[PDB]
């Protein structure tokens, strides 16, 4: 079945940021790679853990299973690989419940692909800045339409 591509992983890494040495996120959660909070090689992520870029990518591919599963369960129209990779990036950011209720999903399921692409641009607010995610949304939209 369809899964994120290597291009999709590179682009997502470059939107999210990669950190190959464990750190504490802004809430206090030990994290490594691209948002990996679970174990690595059977150990809890903790200060002192390092990983390779290969490991970071393989951890991300596994952590995306909920995203891929959301696409499979909710999306009822065909997606090309660029569309799929762009959707993975959006959903990994905004989360499953936000995606489930989104205009992106509604439009895609109507086979209104251009309108679905445009509706990425709605997911632009974070905190006190109403458009800080808009550049990322524009890049994802461009990937979708590629």
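Numbering follows the first chain given and starts at 1.
As the entry records it, the average C-alpha temperature factor is higher for 61-69, out of 80-88 and 61-69. If you average the C-alpha B-factors over 27-35 and over 45-53, the higher value belongs to 45-53. Of the candidates 100, 121, 116, 94, it is 100 whose Cα B-factor is highest according to the PDB record. Annotation for residue 127: CA B-factor lies in the highest third of the chain's modelled residues. For residue 6, the recorded CA B-factor ranks within the middle third of the chain. Only modelled residues enter the ranking. Among the modelled residues of its chain, residue 19 has a C-alpha B-factor that falls in the middle third, as given in the PDB entry.
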